[PDB]
Structures are given as C-alpha cells and as structure tokens.
Amino acid sequence: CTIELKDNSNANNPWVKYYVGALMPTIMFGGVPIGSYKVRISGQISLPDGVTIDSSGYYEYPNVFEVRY
Amino acid sequence: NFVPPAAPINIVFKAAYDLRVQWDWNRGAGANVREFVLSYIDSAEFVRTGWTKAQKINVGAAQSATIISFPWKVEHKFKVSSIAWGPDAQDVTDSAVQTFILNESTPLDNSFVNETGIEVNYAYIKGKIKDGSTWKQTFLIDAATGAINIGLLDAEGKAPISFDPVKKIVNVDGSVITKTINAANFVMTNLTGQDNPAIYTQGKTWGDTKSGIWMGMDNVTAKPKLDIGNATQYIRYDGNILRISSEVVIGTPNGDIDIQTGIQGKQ
Amino acid sequence: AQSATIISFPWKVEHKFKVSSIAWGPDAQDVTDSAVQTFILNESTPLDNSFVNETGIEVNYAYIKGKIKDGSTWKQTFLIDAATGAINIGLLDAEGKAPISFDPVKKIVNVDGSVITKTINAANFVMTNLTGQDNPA
C-alpha cells in the first residue's frame, strides 16, 4: 500500500506520497514538513500480469493533525 | 588523483606608509582553500636568494592583507599561496610573483583605512567593518565572560562561531576539520529540523555502491541503518531486516574441546 | 607555553612561586606542582632586559597581530583580522601554515592536530581521509 499526505492548512494543496511499502498493523515514517496534514491511504495489488495493478479508492482519516514537532 | 587548490587569480594594491594587498580567489572542481599565506621579500634579496629568509604574513583565509610601514622607494616581490588539506606533495599552490615598489606616482587610497574599525575597551575587544553609515561587529571578546564570537553577524544576529566558558562549551556552526579527535561521548544530534545524524566515511551513503561505512538514524523511515563493505561484499542492516552478503563463520574449530584430554579416532 | 610574565611586580617585597602541571586524567592526579621557590626584588637582583625584545604585540585598525623576534626579524605567530574576524594561531612552519584557524566566511574551523572534548554533539561524524595515506577509522 502507498500512503499520501496533504497540508490541510492551505485551502488547496496537492496530495503527496510519503510511504510506499507493505501494509502493516503499524506504519512508521518521517522526514515530513511541519504543517498540519490530511492523510489518505490506498492499497495496490498486482494482477498476475506484471503491468496491470489494481488500486483502491483512497480512504482518508476524518481527523486532521499537526505533525508532532 | 588529488587536484591542488587554485592560486589567486589577480592581485591589486592600495597605499596610504601602510600598504594593503588583496587577492581575488576563484575555484571550481578543485581543492577547497583553508588558509592563505603571503610572502614579501626585497627584489635585491630575491636576486640574491629565492624566497629564502623572506618575511611572511599569514591570514585565516582572508582575501585582503595589510602591511604597515612598507619601505619607501624600495623594490619588492610578493606571492600568494592557497592552502588545502591534501597531501604535502600538492598541499599548496603559489600564485605568480608580482613585483611592486612604493612610489610617489602611486595614487594614495586611504579609503581602506576608514572602511574598517577596531576598538580596545575595558568591557571588551571588538572589531567592526564600516558598511555605509553604520558599523557591523566582526568579532567580540567580553571581559566578564571569556566569550569570543567570530565572524560577521547574520541578519538574525546568529554569529558563525561562538564560545562559552560559563557552560564550558565551544559552539561552531558549520564544519570542523582535525587530524584526530579524542573524546568520551560521540553523541550524534539532530541539530536541524530535518537532519540525519550518522557517522560515515566521506562521500558514502547507505545502500550505495561505494566502499564506505554508514551508521546513523534515517529520519525518513525513522529506523536505524547500517552498511559495511563494498557493493558486493557488505553487511547491510535495516530496522526491518538484516542482510549479510559475505560468507560468515561462527565460532572457532575446537571451540569446545576438552583441555585436559584431546580427541582421536581409530579403526 | 614554557614561560610567563608578571607586569609591575612589587619591588622590595618577597613572593613565593609554584608552577602547576595540569594533564588530562583522574582528578586525584590531575595536577602536579613544581617545587616551592621564593623570590625578592632588590638591588641585589640583577636586571635582564633581554626578554623585552623578543615578544611583540601589534594593534591596529586593520588587525591585531602577535609577533616574535627570530634571527632579528619579527615572526608572526597569531593574527586577528579586524575585518571579518579571520583568526589564525601558532607559529608558521616551512611554507606559512597556522596549526589552528577559524574561517567565519566558510564556517570552517581548521585544526592541524587533535581536539579533546568530554562530549561532542555533531550531526555528521564524517570520516574523511585528509592526508590521503592514512586509512581513517
């Protein structure tokens, strides 16, 4: 699964991917700026054909939080 | 293949008695400069011998140099040599020799005299540079505390190098180059907001084809990292998984052999 | 330094002197003291004006420089540039080289020896090869 982020303080910001890896019960990542963010998570599963990959509808956490500084 | 530092491109002169010499330095894809030395000798002495027993003035990598009470109507020669941290063979590169003599025909430029400024005070010792109508502090030495700030102040007032005997700390922003260091605690710190503390050989990165060592905290993934070895033979560790490419041996032969009695076999 | 100077020492007054020897190590033996030797300033004490010539301090708007007479010539040992606060310390050997210097413009402090500190907090313990013939470790 891949995880994106977007700074919610501004009215409109582009969603940015920050973590790419296997889905886990707990995910740890860093190296992100200070602004408050909204988080959407999507999963991608590879079809038997290498080229084709089935993604998921982005699920977004309703809560919005500041990065712990 | 070590590229020696490039010598100063050009030399100019300003006079007042006092003589000022400043050399422009430009460099690209070469050794970085760490110190500048100027050697001045009399032309007749230069003919007698080459830069031998020639008085020299050293500066802490400062372009401009000042000579006070230069001889009047006497020929002289100068050279400016850049200094780097490479081996002694190509450590230093010297610029082209430029002759010069104090002459009544040389225009007198006393502006440099006013453009600087120093003061000795019971409170402290302070150096200033005249910038327009104001003066900017260069270095300070307080009497009450042995604090010595070195360098022109930042717009926000952050001094480049700072000291504090009160806290017994030496505070330097930037880099420190030493032949060796002795200490009791190499406590790496995430000084900047997004820094990545680590110890490594210069020009080495984790998961790279270089032949260095890397050890530190990867703030991007928030996991410790490690790598010892070249591209093929290496000991690479990530918080999730450890990989050891090279052949591994555990224990030693006869590790648990009886000391009092040996072993043997027969048929 | 192997020598010291006392300015305006009282005359006709006895004094006692001890020279310490501080070294890194256990606090119990951190210091060692020289033998106690007293002194008096009096006409019976010969005057030696030789030591005045060797030392030299130069103070100017341009910079502050300390100089030592070797072979009837001033030799620069440390210079404090008034402009930009460029500072270099130590006698010059062979081609002019200062063992210790500080460069505010490049934010680099160069030392040609060892630095000793109880603790060091650095975000990059980069392990360089300066001389090129010594494998760093």
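Chains as they are written, first to last, in our numbering: chain A, 1 to 69; chain B, 1001 to 1267; chain C, 2001 to 2137.
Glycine included, every Cβ here is placed at the ideal spot set by N, Cα and C.
Say whether chain D places a C-beta atom closer than 8 Å to the C-beta of residue i.
{"i": "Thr1099(B)", "result": "Note that chain D does not occur in the displayed structure, where the protein chains are A, B and C."}
Between residue i and the ligand FMN, is the CB less than 7 Å from at least one heavy atom?
{"i": "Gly50(A)", "result": "Although the ligand FMN was asked about, the structure shown includes no ligands whatsoever."}
Starting from the Cα of residue i, find the closest Cα among the options and give me that residue.
{"i": "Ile3(A)", "options": "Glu66(A), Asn12(A), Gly50(A) and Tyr61(A)", "result": "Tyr61(A)"}
{"i": "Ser55(A)", "options": "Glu66(A), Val16(A) and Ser42(A)", "result": "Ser42(A)"}
{"i": "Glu1115(B)", "options": "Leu1226(B), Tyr1237(B) and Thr1138(B)", "result": "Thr1138(B)"}
{"i": "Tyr18(A)", "options": "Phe1002(B), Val1220(B) and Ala1015(B)", "result": "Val1220(B)"}
{"i": "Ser1069(B)", "options": "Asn2060(C), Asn2135(C), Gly2085(C) and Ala2001(C)", "result": "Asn2060(C)"}
{"i": "residue 2143(C)", "options": "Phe2102(C), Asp2033(C) and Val2052(C)", "result": "Residue 2143(C) cannot be examined here, being either before or after the span of chain C that is shown, 2001 to 2137."}
{"i": "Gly2132(C)", "options": "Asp1173(B), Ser1111(B) and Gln1202(B)", "result": "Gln1202(B)"}
{"i": "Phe29(A)", "options": "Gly1265(B), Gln1260(B), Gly1262(B) and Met1217(B)", "result": "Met1217(B)"}
{"i": "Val1176(B)", "options": "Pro2136(C), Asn2129(C) and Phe2102(C)", "result": "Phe2102(C)"}
{"i": "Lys2106(C)", "options": "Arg1034(B), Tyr1040(B) and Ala1096(B)", "result": "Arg1034(B)"}
{"i": "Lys2018(C)", "options": "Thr2073(C), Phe2039(C) and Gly2025(C)", "result": "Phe2039(C)"}
{"i": "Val1074(B)", "options": "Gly1132(B), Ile1257(B), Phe1046(B) and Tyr1200(B)", "result": "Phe1046(B)"}
{"i": "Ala11(A)", "options": "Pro25(A), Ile27(A) and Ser36(A)", "result": "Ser36(A)"}
{"i": "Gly1239(B)", "options": "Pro1224(B), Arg1027(B) and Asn1196(B)", "result": "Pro1224(B)"}
{"i": "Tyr1237(B)", "options": "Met1215(B), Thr1189(B), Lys1014(B) and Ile1250(B)", "result": "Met1215(B)"}
{"i": "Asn1110(B)", "options": "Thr2073(C), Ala2062(C), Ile2100(C) and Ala2028(C)", "result": "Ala2062(C)"}
{"i": "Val2126(C)", "options": "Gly1086(B), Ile1169(B), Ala1031(B) and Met1188(B)", "result": "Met1188(B)"}
{"i": "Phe1002(B)", "options": "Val1097(B), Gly1060(B) and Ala1089(B)", "result": "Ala1089(B)"}
{"i": "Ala1062(B)", "options": "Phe1013(B), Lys1128(B) and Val1037(B)", "result": "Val1037(B)"}
{"i": "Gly1151(B)", "options": "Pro1071(B), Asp1173(B) and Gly1212(B)", "result": "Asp1173(B)"}
{"i": "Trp2074(C)", "options": "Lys1077(B), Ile1067(B), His1076(B) and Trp1072(B)", "result": "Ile1067(B)"}
{"i": "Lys1128(B)", "options": "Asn2110(C), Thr2084(C), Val2109(C) and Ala2098(C)", "result": "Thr2084(C)"}
{"i": "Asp1142(B)", "options": "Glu1119(B), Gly1132(B), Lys1130(B) and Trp1085(B)", "result": "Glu1119(B)"}
{"i": "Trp1072(B)", "options": "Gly1207(B), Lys1126(B), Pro1165(B) and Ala1016(B)", "result": "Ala1016(B)"}
{"i": "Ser1245(B)", "options": "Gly1117(B), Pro1165(B), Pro1087(B) and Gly1207(B)", "result": "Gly1207(B)"}
{"i": "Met24(A)", "options": "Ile53(A), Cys1(A) and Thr52(A)", "result": "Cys1(A)"}
{"i": "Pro14(A)", "options": "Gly31(A), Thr26(A), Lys38(A) and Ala22(A)", "result": "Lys38(A)"}
{"i": "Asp7(A)", "options": "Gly50(A), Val32(A), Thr52(A) and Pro48(A)", "result": "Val32(A)"}
{"i": "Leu2130(C)", "options": "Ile1259(B), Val1097(B), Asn1190(B) and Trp1085(B)", "result": "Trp1085(B)"}
{"i": "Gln1098(B)", "options": "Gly1028(B), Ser1043(B) and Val1092(B)", "result": "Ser1043(B)"}
{"i": "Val1248(B)", "options": "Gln1233(B), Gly1028(B) and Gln1260(B)", "result": "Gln1233(B)"}
{"i": "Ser1064(B)", "options": "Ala1029(B), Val1092(B), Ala1096(B) and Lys1014(B)", "result": "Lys1014(B)"}
{"i": "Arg1243(B)", "options": "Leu1226(B), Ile1169(B), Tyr1200(B) and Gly1265(B)", "result": "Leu1226(B)"}
Would you grab the beta carbon distance between residue i and residue j for me? Rounded to a whole angstrom, and I think it's under 8 Å.
{"i": "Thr1209(B)", "j": "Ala1231(B)", "result": "4 Å"}
{"i": "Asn1058(B)", "j": "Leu2079(C)", "result": "7 Å"}
{"i": "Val20(A)", "j": "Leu5(A)", "result": "That pair is no contact at about 13 Å."}
{"i": "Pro2026(C)", "j": "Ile1161(B)", "result": "Actually they are not in contact, since the Cβ atoms of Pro2026(C) and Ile1161(B) sit about 32 Å apart, beyond 8 Å."}
Tell whether a beta-carbon distance below 8 Å holds between residue i and residue j.
{"i": "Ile1241(B)", "j": "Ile1235(B)", "result": "no"}
{"i": "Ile1011(B)", "j": "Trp1023(B)", "result": "yes"}
{"i": "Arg40(A)", "j": "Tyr69(A)", "result": "no"}
{"i": "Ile1263(B)", "j": "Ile1257(B)", "result": "yes"}
{"i": "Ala1198(B)", "j": "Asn2124(C)", "result": "yes"}
{"i": "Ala1031(B)", "j": "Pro1005(B)", "result": "yes"}
{"i": "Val64(A)", "j": "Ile34(A)", "result": "no"}
{"i": "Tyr1017(B)", "j": "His1076(B)", "result": "no"}
{"i": "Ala2086(C)", "j": "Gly1117(B)", "result": "no"}
{"i": "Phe1112(B)", "j": "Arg1048(B)", "result": "no"}
Contact list for the segment 1202-1223 of chain B against chain A, Cβ threshold 9 Å: Listed by position along the chain: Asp1218, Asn1219, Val1220, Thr1221, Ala1222 and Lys1223.
Between the segment 2116-2134 of chain C and the segment 1142-1155 of chain B, are three or more C-beta pairs nearer than 8 Å? Judged by Cβ distances under 8 Å, the segment 2116-2134 of chain C makes no contact with the segment 1142-1155 of chain B, as fewer than three pairs qualify.
Is it the case that the segment 2035-2045 of chain C contacts the segment 1052-1069 of chain B, given that we only count it when at least three CB pairs across the two stretches are under 8 Å? Contact between the segment 1052-1069 of chain B and the segment 2035-2045 of chain C is absent, because fewer than three Cβ pairs lie under 8 Å.
Give, in chain order, every residue of the segment 2089-2112 of chain C whose Cβ lies closer than 8 Å to some Cβ of chain B. From the segment 2089-2112 of chain C, only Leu2092, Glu2095, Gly2096, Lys2097, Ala2098, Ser2101, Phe2102, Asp2103, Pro2104, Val2105, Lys2106, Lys2107, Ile2108, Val2109, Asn2110, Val2111 and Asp2112 have a Cβ closer than 8 Å to chain B.
Output needed in chain order: residues of the segment 1185-1200 of chain B with a Cβ under 7 Å from some Cβ in chain A. Cβ contacts with chain A come from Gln1194.
If the cut-off is 8 Å on Cβ atoms, which residues from the segment 8-31 of chain A count as contacting chain B, listed in chain order? Along the segment 8-31 of chain A, the positions whose C-beta sits under 8 Å from a C-beta of chain B are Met28, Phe29, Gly30 and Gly31, read in chain order.
Identify each residue in the segment 2029-2055 of chain C for which the Cβ-Cβ distance to at least one residue of chain B is less than 7 Å, and report them in chain order. For the segment 2029-2055 of chain C, the set of residues with a beta-carbon nearer than 7 Å to any beta-carbon of chain B is empty.
Which residues, in order along the segment 1024-1039 of chain B, keep a beta-carbon less than 9 Å from a beta-carbon of chain C? Considering only beta carbons, the part of the segment 1024-1039 of chain B lying closer than 9 Å to chain C consists of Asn1032, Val1033, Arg1034, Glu1035, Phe1036, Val1037, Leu1038 and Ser1039, in chain order.
Listed in chain order, which residues of the segment 1071-1090 of chain B have Cβ atoms closer than 7 Å to some Cβ of chain C? The residues in question are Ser1081, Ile1083, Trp1085, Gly1086 and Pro1087.
The segment 1047-1074 of chain B: which residues have C-beta closer than 8 Å to a C-beta of chain C, in chain order? For the segment 1047-1074 of chain B, residues whose beta-carbon sits nearer than 8 Å to a beta-carbon of chain C comprise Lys1053, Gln1055, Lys1056, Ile1057, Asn1058, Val1059, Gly1060, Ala1061, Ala1062, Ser1064, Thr1066 and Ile1068.
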